[PDB]
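Inspection log for the structure reproduced underneath, given as structure tokens.
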Amino acid sequence: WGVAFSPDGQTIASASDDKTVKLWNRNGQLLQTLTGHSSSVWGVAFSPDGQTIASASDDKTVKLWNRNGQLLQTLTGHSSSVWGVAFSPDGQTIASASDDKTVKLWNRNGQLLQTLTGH
Amino acid sequence: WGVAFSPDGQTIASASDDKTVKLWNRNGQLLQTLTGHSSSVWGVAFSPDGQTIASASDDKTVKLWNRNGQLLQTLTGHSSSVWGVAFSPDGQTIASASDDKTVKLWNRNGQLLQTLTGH
Amino acid sequence: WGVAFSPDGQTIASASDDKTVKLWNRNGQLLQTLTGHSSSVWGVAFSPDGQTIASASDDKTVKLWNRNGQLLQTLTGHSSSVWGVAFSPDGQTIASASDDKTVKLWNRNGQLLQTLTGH
């Protein structure tokens, strides 16, 4: 996809073609550009409370951000491009999937909890 | 996927192999065939209230329908096949994704609001 | 994906590389290994009540399991590898999708309701 809606529908996150995630309002106004990844961004997600955005990148990281664009964490450990990211329904854990078929589970404080499959 | 459940689980929408979307009840009985696309349908989605269906087609359009099968709107602007379509959680916006890596955001009345990436 | 969170976020199901589904707690600790498929597991899903897990396999079946690891049902009928499985939001139907573009709809007692497309 490369697009995610905030739970309240008021903010939309999109993976851009220039290594950023863009946040937009419902009227299609650009609100914020999230800069930090060092190659293409593939996947985006919002937390269930709507206050954190996750991004998944070809740079082999997942980054966590707030709505003001501040980088909160960089989740490092995948050995290939990360294409997918999702938050758990209670918002406390994050799953990430890389194109080498590895899935990792993290806490939001950035701790790797488990590699569910792969390396 | 090419399948979507209504939020109440009572209607199922499927992209068929014949340029249509089919609507089925929970017992697998056919309710409606949505006819109008001029080539393959790839993606389907329901609105959160369950009363509108969106379809994404190789004909480069997204169409919006009601449950009685009536065509409400055609969203034109993608320059390639549209594979994905999704409503926002509040139902007020619609994102569409084409295989040329373009994502467009529309309002619920079919107004194009923004091209989030691509052309 | 190959991963699904239970609706309450307390159990995580993942397709493993060894023909099993693994269930994990929120801390990443293994709870169960679901053994029975005779080749790779591709897709997993939870019922909306969180009490049943579905798995979709290269062995052309979907298996239904409980959180104690007991196999409850095997859904047979697809003539190719099953990659996707999903429960309806009310939990009364299951859709399965195989890589020959067939989608089947089943009830919760394992009755095939309809082949929505394909064979």
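Letters A, B, ... mark the chains of the structure tokens in the order given; residue numbers begin at 1 per chain; ligand numbers begin at 1, in order shown.
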With only C-alpha atoms as the counted atoms, please give the residues lying no more than 12 Å from residue 61 of chain B, apart from itself and same-chain residues fewer than 6 positions off, as a list in words. residues 36, 37, 38, 39, 40, 41, 42, 43, 54, 55, 73, 74, 75, 76, 77, 78, 79, 80, 81, 82, 83, 84, 85, 96, 97, 98, 104 and 110 of chain B
Keeping N, CA and C atoms for every residue in the selection just given, could you write it to a file as a PDB file, in the first residue's frame?
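Below is the file selection_31.pdb, written as the result:
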```
ATOM      1  N   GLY B  36     -20.158  -2.189 -15.155  1.00  0.00           N
ATOM      2  CA  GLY B  36     -19.783  -0.869 -15.614  1.00  0.00           C
ATOM      3  C   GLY B  36     -18.314  -0.715 -15.961  1.00  0.00           C
ATOM      4  N   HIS B  37     -17.422  -1.422 -15.280  1.00  0.00           N
ATOM      5  CA  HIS B  37     -16.008  -1.338 -15.636  1.00  0.00           C
ATOM      6  C   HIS B  37     -15.763  -1.919 -17.013  1.00  0.00           C
ATOM      7  N   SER B  38     -14.800  -1.372 -17.736  1.00  0.00           N
ATOM      8  CA  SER B  38     -14.532  -1.887 -19.069  1.00  0.00           C
ATOM      9  C   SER B  38     -13.327  -2.822 -19.161  1.00  0.00           C
ATOM     10  N   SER B  39     -12.666  -3.090 -18.036  1.00  0.00           N
ATOM     11  CA  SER B  39     -11.770  -4.195 -17.961  1.00  0.00           C
ATOM     12  C   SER B  39     -11.699  -4.763 -16.549  1.00  0.00           C
ATOM     13  N   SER B  40     -10.753  -5.677 -16.287  1.00  0.00           N
ATOM     14  CA  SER B  40     -10.696  -6.456 -15.051  1.00  0.00           C
ATOM     15  C   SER B  40     -10.827  -5.585 -13.817  1.00  0.00           C
ATOM     16  N   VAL B  41     -11.550  -6.091 -12.826  1.00  0.00           N
ATOM     17  CA  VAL B  41     -11.577  -5.472 -11.553  1.00  0.00           C
ATOM     18  C   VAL B  41     -10.586  -6.161 -10.629  1.00  0.00           C
ATOM     19  N   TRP B  42      -9.754  -5.380  -9.956  1.00  0.00           N
ATOM     20  CA  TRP B  42      -8.664  -5.885  -9.122  1.00  0.00           C
ATOM     21  C   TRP B  42      -8.899  -5.785  -7.652  1.00  0.00           C
ATOM     22  N   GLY B  43      -9.494  -4.669  -7.214  1.00  0.00           N
ATOM     23  CA  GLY B  43      -9.601  -4.363  -5.810  1.00  0.00           C
ATOM     24  C   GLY B  43     -11.021  -3.932  -5.475  1.00  0.00           C
ATOM     25  N   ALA B  54     -16.463   0.424  -3.247  1.00  0.00           N
ATOM     26  CA  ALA B  54     -15.509   0.971  -4.210  1.00  0.00           C
ATOM     27  C   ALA B  54     -14.832  -0.183  -4.925  1.00  0.00           C
ATOM     28  N   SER B  55     -14.584   0.009  -6.223  1.00  0.00           N
ATOM     29  CA  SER B  55     -13.935  -0.984  -7.037  1.00  0.00           C
ATOM     30  C   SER B  55     -12.811  -0.304  -7.804  1.00  0.00           C
ATOM     31  N   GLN B  73     -20.548   7.012  -8.715  1.00  0.00           N
ATOM     32  CA  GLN B  73     -19.496   7.889  -9.162  1.00  0.00           C
ATOM     33  C   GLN B  73     -18.415   7.077  -9.866  1.00  0.00           C
ATOM     34  N   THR B  74     -17.722   7.725 -10.775  1.00  0.00           N
ATOM     35  CA  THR B  74     -16.502   7.156 -11.384  1.00  0.00           C
ATOM     36  C   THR B  74     -15.391   8.149 -11.120  1.00  0.00           C
ATOM     37  N   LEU B  75     -14.316   7.673 -10.523  1.00  0.00           N
ATOM     38  CA  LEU B  75     -13.154   8.493 -10.191  1.00  0.00           C
ATOM     39  C   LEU B  75     -12.074   8.278 -11.271  1.00  0.00           C
ATOM     40  N   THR B  76     -11.853   9.329 -12.055  1.00  0.00           N
ATOM     41  CA  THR B  76     -10.979   9.291 -13.198  1.00  0.00           C
ATOM     42  C   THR B  76      -9.775  10.154 -12.895  1.00  0.00           C
ATOM     43  N   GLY B  77      -8.608   9.690 -13.297  1.00  0.00           N
ATOM     44  CA  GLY B  77      -7.412  10.473 -13.140  1.00  0.00           C
ATOM     45  C   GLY B  77      -6.140   9.652 -13.118  1.00  0.00           C
ATOM     46  N   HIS B  78      -6.210   8.403 -12.641  1.00  0.00           N
ATOM     47  CA  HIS B  78      -5.051   7.528 -12.710  1.00  0.00           C
ATOM     48  C   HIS B  78      -4.671   7.273 -14.182  1.00  0.00           C
ATOM     49  N   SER B  79      -3.391   7.217 -14.461  1.00  0.00           N
ATOM     50  CA  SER B  79      -2.988   6.936 -15.842  1.00  0.00           C
ATOM     51  C   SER B  79      -2.556   5.501 -16.063  1.00  0.00           C
ATOM     52  N   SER B  80      -2.739   4.674 -15.036  1.00  0.00           N
ATOM     53  CA  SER B  80      -2.559   3.252 -15.164  1.00  0.00           C
ATOM     54  C   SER B  80      -3.546   2.456 -14.366  1.00  0.00           C
ATOM     55  N   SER B  81      -3.497   1.119 -14.531  1.00  0.00           N
ATOM     56  CA  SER B  81      -4.400   0.226 -13.748  1.00  0.00           C
ATOM     57  C   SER B  81      -4.434   0.549 -12.265  1.00  0.00           C
ATOM     58  N   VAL B  82      -5.639   0.539 -11.691  1.00  0.00           N
ATOM     59  CA  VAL B  82      -5.818   0.798 -10.258  1.00  0.00           C
ATOM     60  C   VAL B  82      -5.973  -0.540  -9.576  1.00  0.00           C
ATOM     61  N   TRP B  83      -5.101  -0.854  -8.642  1.00  0.00           N
ATOM     62  CA  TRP B  83      -5.179  -2.146  -7.997  1.00  0.00           C
ATOM     63  C   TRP B  83      -5.790  -2.081  -6.595  1.00  0.00           C
ATOM     64  N   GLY B  84      -5.669  -0.937  -5.948  1.00  0.00           N
ATOM     65  CA  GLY B  84      -6.077  -0.804  -4.558  1.00  0.00           C
ATOM     66  C   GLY B  84      -6.921   0.394  -4.270  1.00  0.00           C
ATOM     67  N   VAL B  85      -7.899   0.180  -3.391  1.00  0.00           N
ATOM     68  CA  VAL B  85      -8.749   1.253  -2.999  1.00  0.00           C
ATOM     69  C   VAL B  85      -9.119   1.028  -1.535  1.00  0.00           C
ATOM     70  N   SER B  96      -6.598   5.673  -3.463  1.00  0.00           N
ATOM     71  CA  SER B  96      -6.556   4.768  -4.546  1.00  0.00           C
ATOM     72  C   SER B  96      -5.096   4.666  -4.983  1.00  0.00           C
ATOM     73  N   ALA B  97      -4.716   3.473  -5.417  1.00  0.00           N
ATOM     74  CA  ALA B  97      -3.323   3.171  -5.779  1.00  0.00           C
ATOM     75  C   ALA B  97      -3.249   2.470  -7.083  1.00  0.00           C
ATOM     76  N   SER B  98      -2.422   3.003  -7.980  1.00  0.00           N
ATOM     77  CA  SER B  98      -2.274   2.391  -9.259  1.00  0.00           C
ATOM     78  C   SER B  98      -0.893   1.759  -9.428  1.00  0.00           C
ATOM     79  N   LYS B 104      -3.740   8.500  -5.108  1.00  0.00           N
ATOM     80  CA  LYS B 104      -4.601   9.670  -5.098  1.00  0.00           C
ATOM     81  C   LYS B 104      -5.540   9.580  -3.884  1.00  0.00           C
ATOM     82  N   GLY B 110     -16.262  12.390  -4.541  1.00  0.00           N
ATOM     83  CA  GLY B 110     -15.474  12.066  -5.753  1.00  0.00           C
ATOM     84  C   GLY B 110     -14.538  13.183  -6.207  1.00  0.00           C
TER      85      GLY B 110
END
```
Per residue of chain A within 12 Å of chain C, what are the shortest atom pair and its distance in Å to one decimal, counting only C-alpha atoms, with rows by chain and residue number, as JSON lines?
```
{"residue": "A:48", "atom": "CA", "partner": "C:9", "partner_atom": "CA", "distance": 11.4}
{"residue": "A:82", "atom": "CA", "partner": "C:1", "partner_atom": "CA", "distance": 11.7}
{"residue": "A:83", "atom": "CA", "partner": "C:1", "partner_atom": "CA", "distance": 9.7}
{"residue": "A:84", "atom": "CA", "partner": "C:1", "partner_atom": "CA", "distance": 7.7}
{"residue": "A:85", "atom": "CA", "partner": "C:1", "partner_atom": "CA", "distance": 9.4}
{"residue": "A:86", "atom": "CA", "partner": "C:5", "partner_atom": "CA", "distance": 9.5}
{"residue": "A:87", "atom": "CA", "partner": "C:5", "partner_atom": "CA", "distance": 8.9}
{"residue": "A:88", "atom": "CA", "partner": "C:9", "partner_atom": "CA", "distance": 5.6}
{"residue": "A:89", "atom": "CA", "partner": "C:9", "partner_atom": "CA", "distance": 5.3}
{"residue": "A:90", "atom": "CA", "partner": "C:9", "partner_atom": "CA", "distance": 5.6}
{"residue": "A:91", "atom": "CA", "partner": "C:9", "partner_atom": "CA", "distance": 8.1}
{"residue": "A:92", "atom": "CA", "partner": "C:26", "partner_atom": "CA", "distance": 8.3}
{"residue": "A:93", "atom": "CA", "partner": "C:26", "partner_atom": "CA", "distance": 7.2}
{"residue": "A:94", "atom": "CA", "partner": "C:26", "partner_atom": "CA", "distance": 9.9}
{"residue": "A:95", "atom": "CA", "partner": "C:3", "partner_atom": "CA", "distance": 8.1}
{"residue": "A:96", "atom": "CA", "partner": "C:1", "partner_atom": "CA", "distance": 9.1}
{"residue": "A:97", "atom": "CA", "partner": "C:1", "partner_atom": "CA", "distance": 7.1}
{"residue": "A:98", "atom": "CA", "partner": "C:1", "partner_atom": "CA", "distance": 9.6}
{"residue": "A:99", "atom": "CA", "partner": "C:1", "partner_atom": "CA", "distance": 10.3}
{"residue": "A:100", "atom": "CA", "partner": "C:17", "partner_atom": "CA", "distance": 11.8}
{"residue": "A:101", "atom": "CA", "partner": "C:1", "partner_atom": "CA", "distance": 8.9}
{"residue": "A:102", "atom": "CA", "partner": "C:16", "partner_atom": "CA", "distance": 9.7}
{"residue": "A:103", "atom": "CA", "partner": "C:3", "partner_atom": "CA", "distance": 7.9}
{"residue": "A:104", "atom": "CA", "partner": "C:28", "partner_atom": "CA", "distance": 9.4}
{"residue": "A:105", "atom": "CA", "partner": "C:28", "partner_atom": "CA", "distance": 7.0}
{"residue": "A:106", "atom": "CA", "partner": "C:28", "partner_atom": "CA", "distance": 8.4}
{"residue": "A:107", "atom": "CA", "partner": "C:27", "partner_atom": "CA", "distance": 8.2}
{"residue": "A:108", "atom": "CA", "partner": "C:27", "partner_atom": "CA", "distance": 11.7}
{"residue": "A:111", "atom": "CA", "partner": "C:27", "partner_atom": "CA", "distance": 10.3}
{"residue": "A:112", "atom": "CA", "partner": "C:28", "partner_atom": "CA", "distance": 8.9}
{"residue": "A:113", "atom": "CA", "partner": "C:28", "partner_atom": "CA", "distance": 5.3}
{"residue": "A:114", "atom": "CA", "partner": "C:28", "partner_atom": "CA", "distance": 5.1}
{"residue": "A:115", "atom": "CA", "partner": "C:28", "partner_atom": "CA", "distance": 8.2}
{"residue": "A:116", "atom": "CA", "partner": "C:14", "partner_atom": "CA", "distance": 6.5}
{"residue": "A:117", "atom": "CA", "partner": "C:16", "partner_atom": "CA", "distance": 5.6}
{"residue": "A:118", "atom": "CA", "partner": "C:17", "partner_atom": "CA", "distance": 7.3}
{"residue": "A:119", "atom": "CA", "partner": "C:17", "partner_atom": "CA", "distance": 10.7}
```
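For the atom pair formed by atom CA of residue 47 of chain C and atom CA of residue 67 of chain C, the distance is 11.3 Å, given to one decimal.
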Can you tell me, as a PyMOL selection string, which residues in segment 33-99 of chain C count as strand (DSSP E or B) by DSSP? chain C and resi 33-35+41-46+52-57+61-66+71-76+82-87+93-98
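Between atom CA of residue 52 of chain C and atom CA of residue 32 of chain C there is a distance of 13.2 Å.
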